[PDB]
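J.: Can you keep this structure in mind? I'll have questions shortly.
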Ligand SMILES: Cc1ncsc1COc1ccc2c(c1)N(C(=O)N[C@@]1(CO)CCCNC1)CCO2
Ligand SMILES: Cc1ncsc1COc1ccc2c(c1)N(C(=O)N[C@@]1(CO)CCCNC1)CCO2
């Protein structure tokens, strides 16, 4: 398991969906900030 | 969350040297780096020294790194007594020291162990007369080593603490001497423990790879100073030069580097600049014509230098052999009168002189004879002179014996011819090929065994059917009813002689070339050094005239201090550059640029959701 | 001591070097009972060479004992089969040795033809060495291809020979 989860082939695939999740949360934070403004 | 858990125990009291001792005990260097070594900490005298001692005895890398980074100077720390305490500890992981002590604890005994491990005429600094009389007790600077990193390097290698060895190598002066001495000691302890071994072979391969790289950088930066580093005589490591320590550790890669081959070629040409064969043979064959060539610069003497160029000795020491193989042939294909003719007295004599030089080389006892008999050509030479000798004293009898005399000479001429090979070895193309012929022979012997088995079987069957009544006879030994089986089982023999194994031999001498071609290219570039250091030692005169030089015996790069400091700086720039360049080549690769940005991504995501809940509360 | 030795005899490397010196003896005497005259009855070295084949037979069967399943497992590999043929033909020759001349000359025949196999077994003993064994196995594998190209060369050779003759 330690030889598996240190390889590049998982370190890319998890961080891709982490990136898209943070982008959608960022735009929801954007519309909340404009409503509070 | 273990750091504040340990900080609870660090906050339990205030004895800061005991706190540093406890931090060394739990073996967590980040805690001492964060909390202990801060501004305004009080320190008594002797606490840092005892802390350094307790850190060195227990295999602590980062603690010794941080204590050296915080005031501890090794030029004021280490004395002879505390180093003796380091060699007499009891906390070692795994050591083979006491076995070497019982095979050869006082430091003079340690120096005897080191001299036994390296071998040769290596005279270590512990066994000098300047260190031995100072050891009688057990200025203020009489127990301090001026170059203490060499002793720390030796203590790191001998007790097998590898990460400490790699740490101690990269500081101080004279890194390549320490690297080659480490490679020699690792290979010696590996062979001695075989006589752990895989670990020591790996460590020898490690220092060995590292030393070669520093040369690669030191050649990649400059050349004229680069040559100086290899040549200078160390005044510390037993009067050796780095190239001799490279060959004496049998490291085939260091000599294989281009700078070593260029230095050997500049040794080979000697005192000339003509960059050869027709000119150097015309120089011998026309002795007044030598003046037209171009010398170096730092008559009546312009010549004596020419005779000492080892390429000259070579072309005037192979013209003497060409003479010997032409006269010896003419003393065999011709009539032999009752006493020996002139060319026989000359051919007998050349073997005579060759014998006295060959023994004199050994003189310059059983260890010397074993080192001389380590390789094969001296052995074959010893047999050859001996049988051109039995034949020599059998020459001087009557006919029954004389005819026998022809025998030995007849059989003895094969070896001198088959030596020519060696002379042909020098050329930059025939030498690798000759080495290959040597390696292929083993396989020739094994398939000779298999072909002998099958040949003897079919021969015994064929000869046993076709001769039924043959009483026991020595005649049978000299050779050693339904005949129609004899043709068929003859033909199948050819079907398993000239079809199956010959084509097996061709298959096994075709898929073995791709490794032996890579091996021989290394072995030739290594063994040029033995040739070049061989002929400085053989006189100028030919072997049928060497009696003058032998009876005259029977009759009865040094550098200064400022260029030395330049050398120590040239090395310093290179060592730091290698580490920096290694780090810049590491941190630019993809395999770190992905792994750091993954955890950067997850950290920003968690901070983003905390910012999200804060923004909704503020809304 | 007094027993320090009996262990030595049970080390299997010992059995090996005292079970291949017995074979070296067998292939030297059998050669000397073929390249020499044969008197009307068998000589001493023939009684010893006949006997070694005799004992080898009883151990080989005893190994099988220790029924058709056992014989099939024993005949799973080839060297027992080749061994079974060899003892059998050094046998037909054994009972054809004991007749008159017309037959005696025939007797020489079988022994003459039978000596090839014992020599070609040596190979196996050579198999133990850590270099000759892989090579012997290779010789065994290459043979198939030898047989196929023997077939092709036989076709072409027979054609040109029939035309020329
Ligand atoms: C030299 C010498 N000694 C006695 S008679 C005589 C002259 O015969 C020649 C002529 C040309 C040569 C050599 C010998 N070679 C040679 O001597 N190689 C060494 C060095 O002695 C190194 C290791 C292999 N053997 C010894 C190699 C080929 O070039
Ligand atoms: C042993 C033995 N039996 C009857 S006469 C006799 C002594 O002859 C030798 C001498 C040296 C040997 C062998 C036999 N070998 C051998 O027996 N191999 C085995 C085991 O029996 C395994 C599979 C291949 N064949 C059988 C192989 C090579 O070493």
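J.: Assuming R0 = 60 Å, can you tell me the calculated FRET efficiency for the pair residue B:13 and residue B:562, based on Cβ-Cβ distance, to the nearest 0.05? Present the calculation step by step, with values, prior to reporting the outcome.
T.: Values: r = 55 Å, r/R0 = 0.92.
FRET efficiency, residue B:13 to residue B:562: 0.65.
J.: Hey, how many Å between the Cα centroid of the range B:459-529 and the Cα centroid of the range B:198-269?
T.: That distance is 48 Å.
J.: Arrange B:304, B:578 by Cβ neighbour counts within 10 Å, fewest through most, would you?
T.: Working: B:304 10, B:578 18.
Fewest-to-most ranking of B:304, B:578: B:304, B:578.
J.: So what is log10(I(q)/I(0)) for the range B:337-386 at q = 0.29, 0.31, 0.32, 0.33 1/Å, when the Debye sum runs over its Cα atoms only?
T.: -1.14, -1.20, -1.22, -1.23
J.: Provide the FRET efficiency to the nearest 0.05 for the residue C:44-residue A:24 pair, computing r from the beta carbons and using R0 = 60 Å. The partial results should precede the final answer.
T.: Values: r = 103 Å, r/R0 = 1.72.
Result of the calculation: an efficiency of 0.05.
J.: How do B:228, B:525 rank when sorted from fewest to most other Cβ atoms within 10 Å of their own Cβ?
T.: Listed from fewest to most nearby Cβ atoms, that is B:228, B:525.
J.: With a ≥ b ≥ c taken as the square roots of the eigenvalues of the C-alpha gyration tensor of the range B:261-324, please select rounded if a/c is under 1.5 and otherwise prolate if a/b is larger than b/c or oblate if it is not? It would help to have the intermediate numbers written out before the result.
T.: Values: a/c = 1.90, a/b = 1.18, b/c = 1.61.
Since a/c reaches 1.5 but b/c is at least a/b, the shape of the range B:261-324 is classed as oblate.
J.: Now a separate question. Report Rg(Cα)/(2.2 N^0.38 Å) for the range B:150-285, keeping two decimals.
T.: Details: Rg = 17.9 Å, N = 136, 2.2 N^0.38 = 14.2 Å.
Dividing the Cα radius of gyration by 2.2 N^0.38 Å gives 1.26.
J.: With labels modelled as points extended 7 Å from the Cα through the Cβ direction, what inter-label distance (nm, one decimal) is found for residue C:165 paired with residue B:494?
T.: 1.5 nm
J.: Same structure again: Could you tell me which of rounded, prolate or oblate describes the range B:32-78, using a ≥ b ≥ c as the square roots of the eigenvalues of the alpha-carbon gyration tensor, with rounded for a/c under 1.5 and, failing that, prolate when a/b is larger than b/c and oblate otherwise? Could you put the intermediate results ahead of the total?
T.: On the way: a/c = 1.74, a/b = 1.22, b/c = 1.43.
Cα axes put the range B:32-78 in the oblate bin.
J.: Okay, moving on. List residues of the range B:212-240, by number, whose backbone nitrogen lies under 19 Å from a label position 7 Å along Cα→C-beta of residue B:569.
T.: Within reach of a label on residue B:569: B:218-219, B:221-230, B:232.
J.: What is the distance, in nm, between label points placed 7 Å from the Cα along the Cα-to-Cβ direction at residue B:54 and at residue B:349?
T.: 8.2 nm
J.: What is the Å³ per residue value for the convex hull set by the Cα atoms of the range B:539-619? Could you put the intermediate results ahead of the total?
T.: Details: hull volume 19.8 nm³, N = 81.
It comes to 245 Å³ per residue, whole-number rounded.
J.: Still on this structure, I have one more. Based on alpha-carbon atoms only, what is the radius of gyration of the range C:9-165 relative to the globular estimate 2.2 N^0.38 Å?
T.: Details: Rg = 20.0 Å, N = 157, 2.2 N^0.38 = 15.0 Å.
Normalised Cα radius of gyration, the range C:9-165: 1.33.
J.: Related question: At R0 = 45 Å, how high is the FRET efficiency between residue B:410 and residue B:370 if r is their beta carbon distance? Nearest 0.05 is fine.
T.: 0.85
J.: Between residue B:261 and residue B:95, what is the spin-label point distance in nm, taking each point 7 Å from the Cα along the Cα→C-beta axis?
T.: Between residue B:261 and residue B:95, the label points sit 4.4 nm apart.
J.: What does the convex hull of the alpha-carbon atoms of the range B:416-503 project to on average, in nm²?
T.: Numbers: hull surface 36.7 nm².
The directionally averaged projection comes out at 9.2 nm².
J.: Which of rounded, prolate or oblate describes the range B:479-540 when judged by the alpha-carbon gyration tensor and an a/c cut-off of 1.5?
T.: On the way: a/c = 10.41, a/b = 2.61, b/c = 3.99.
Cα axes put the range B:479-540 in the oblate bin.
J.: What percent of all Cα-Cα pairs in chain B falls in each 10 Å bin, counting up from 0?
T.: Over chain B, the share of Cα pairs per 10 Å bin runs 2, 10, 16, 18, 17, 13, 10, 7, 4, 2, 1, 0, 0 percent.
J.: Just the ratio, please: alpha-carbon radius of gyration of the range B:460-570 over 2.2 N^0.38 Å, N its number of residues. Intermediate results must be reported in sequence, preceding the final value.
T.: Details: Rg = 32.7 Å, N = 111, 2.2 N^0.38 = 13.2 Å.
Against the compact-globule rule of thumb, the ratio is 2.49.
Methodologically, a virtual Cβ is constructed for each residue, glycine included, from the backbone with ideal geometry; neighbour enumeration extends over all protein chains shown. Each reported figure results from applying straightforward, stated rules to the coordinates on display, with no laboratory input.
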